[PDB]
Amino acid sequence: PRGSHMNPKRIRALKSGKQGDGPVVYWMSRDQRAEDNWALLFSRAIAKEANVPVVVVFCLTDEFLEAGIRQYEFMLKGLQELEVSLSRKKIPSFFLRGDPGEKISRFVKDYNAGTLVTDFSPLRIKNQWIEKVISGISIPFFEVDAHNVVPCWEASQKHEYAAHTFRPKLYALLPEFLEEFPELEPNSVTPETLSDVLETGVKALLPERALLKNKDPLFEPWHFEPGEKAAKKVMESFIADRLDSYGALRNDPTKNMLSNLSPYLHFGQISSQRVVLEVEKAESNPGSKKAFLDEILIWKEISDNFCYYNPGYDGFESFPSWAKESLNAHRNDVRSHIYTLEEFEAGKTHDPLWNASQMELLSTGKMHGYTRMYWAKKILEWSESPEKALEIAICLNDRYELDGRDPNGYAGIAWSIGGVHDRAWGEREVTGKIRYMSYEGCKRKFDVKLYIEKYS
């Protein structure tokens, strides 16, 4: 659909039909940003070719009732800043509430939309909303992958077993898809309140707030300033101050050596392609640059590949055959300790290292990448069954992580519990051939006393 700096492989048709005479409607869900957004850039080009304006619609669902205030407040502040950003580009942002399957379809008829465009995501709830919209609309419906550098359906056409099989496929398509972003052109033709939806949502999530003994909330909201502008500043600080030592202090939770981009990368407040662009041109350590590029390209996008080709990505069935047979044979193995969901949530286990990992999750909403493995693998070692371990790990991850309800989470949990994108290891009790990690192994890699003392 026209465009010079626009690769058509980033778009795909969801429903054919006659193009209406109305403006182009962008159903922004996953990539909540104005700059470096293919789904918005493609929506502007179609609008320019049809001599119509472009509008942005966001549907707020009841999904926030499953999470807490930490994710609702982080995402809502970004949309308030996003509202002003599109206003400067003469693009109006319309915020709806309810089921997108009925709210978007009613929107299309009411506003007399001519073309509908949405961003891509492999989650189950989005494939459902899309199909309900398809049955209720009669205009063309497009979908753009503005989250992955290479489109998910283009990098691979199947579920990738391991990264060493996905690495050469992704890196072979980098010279084509890794490109600069054209600027967003404001509209030529011009045509509720977010403050009220924020106050209404917080009042409903108040009883479920995580508290201390003295009724003092646990979440510390000053660690990550939300929004598109603050996401850019985090990237600049990481490249200038943290990219050099990234390859050596990657797995040390006592050091703040990570990029801290996942809360912004999840909500779409920042483009991973933009991060990859800035990293490629920076002069830094080559082992550090390779280590970071493998994280944000190979492993961030193979998580989308995992969810796109495995609909049960959050279930025991998605595990490989060797893992399922191994964990099934150890179901009757006596376990050293049995902790319920409440004991894991409050951090009341016998392991001070595990409790400290949960404390960081409860206080900052973002646990260190290395400790997230020990946090999830010890849940499997201290649960009733593999199904309960998957249930508990997903519950705490999606409730308290600022990057929860993400394909990176379900792939990361399935990696730690089900050996997805992993291999077999030494045979043990309970866990079987799943990769084992011990408290003593962490003692030889970093100062565990500092990490425990930092979070009680």
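In case it trips you up, residue 1 is the first one in the sequence shown, and so on.
Peer 1: Looking at the deposited sequence, how many residues between residue 207 and residue 208 were given no coordinates in the entry: none, 1 to 3, 4 to 9, or 10 or more?
Peer 2: Per the deposited record, the segment joining residue 207 and residue 208 has no missing residues.
Peer 1: Using only C-alpha atoms and the B-factors in the entry, which stretch averages higher, 243 to 251 or 182 to 190?
Peer 2: Between 243 to 251 and 182 to 190, it is 182 to 190.
Peer 1: Taking the recorded C-alpha temperature factors, which stretch has the higher mean, 25 to 33 or 417 to 425?
Peer 2: It is 25 to 33.
Peer 1: At the C-alpha atoms, which of 299, 111, 120, 74 reaches the highest B-factor in this entry?
Peer 2: Result of the comparison over 299, 111, 120, 74: 111.
Peer 1: For the listed residues 143, 278, 196, 81, which one has the largest C-alpha B-factor as given in the deposited model?
Peer 2: Of 143, 278, 196, 81, 196 has the highest C-alpha B-factor.
Peer 1: Please place residue 38 in the lowest, middle or highest third of its chain by C-alpha B factor as given in the entry.
Peer 2: As the PDB entry reports it, the C-alpha B-factor of residue 38 lands in the middle third of its chain.
Peer 1: In terms of the CA temperature factor given in the entry, to which third of its chain does residue 200 belong: lowest, middle or highest?
Peer 2: Highest third - that is where residue 200 ends up once the chain's C-alpha B-factors are sorted.
Peer 1: Against its chain's modelled residues, does residue 307's Cα B factor rank lowest, middle or highest third?
Peer 2: For residue 307, the deposited C-alpha B-factor lands in the lowest third.
Peer 1: By the record's CA B-factor, is residue 337 among the lowest, middle or highest third of residues in the chain?
Peer 2: CA B-factor rank for residue 337: middle third.
Peer 1: Among all modelled residues of this chain, ranked by Cα B factor, put residue 288 in the bottom, middle or top third, i.e. lowest, middle or highest.
Peer 2: Within its chain, residue 288 is a middle-third residue by C-alpha B-factor, going by the deposited values.
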